[PDB]
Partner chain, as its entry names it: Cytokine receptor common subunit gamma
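First, one chain by itself: the form deposited without its partner chain, in structure tokens.
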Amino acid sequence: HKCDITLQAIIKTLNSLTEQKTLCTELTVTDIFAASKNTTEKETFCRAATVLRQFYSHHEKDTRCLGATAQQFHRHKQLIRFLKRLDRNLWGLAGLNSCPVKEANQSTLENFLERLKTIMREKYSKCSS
């Protein structure tokens, strides 16, 4: 379950998420990676899934992100869709719903996703020859 193909599904979505820019990828999320100690692997996924869920739940209908042009509106919806897909996979990996996030530092969504991608790519690396 640890080196499950789900790792690839998460990476694929993160690749799409970071090659896509929005009017709000600069808005912030709690930096769960600002901890001088990321707990167990499952706990890290639960925390990442938690911060992303509050982000898309709070910005799906945000006037700052909805967009003026058809293209902006499309990218917004696309972003929300990808976040939900990423979140779904993370919760699946976490096998946990109740996890505390105490970090004060706020990082832009964009930087948070790049960081998560790095971590995910590392897991993939540790799983393969």
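Residue numbers count along the first chain shown, from 1.
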| query | Per the PDB record, is the mean Cα temperature factor higher over 13-21 or over 114-122? | reply | 13-21
| Out of 91-99 and 47-55, which one has CA B-factors that are higher on average in the deposited record? | 91-99
| request: Using the temperature factors in the entry, find which of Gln72, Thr30, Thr40, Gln78 has the highest value at its Cα atom. | output: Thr40
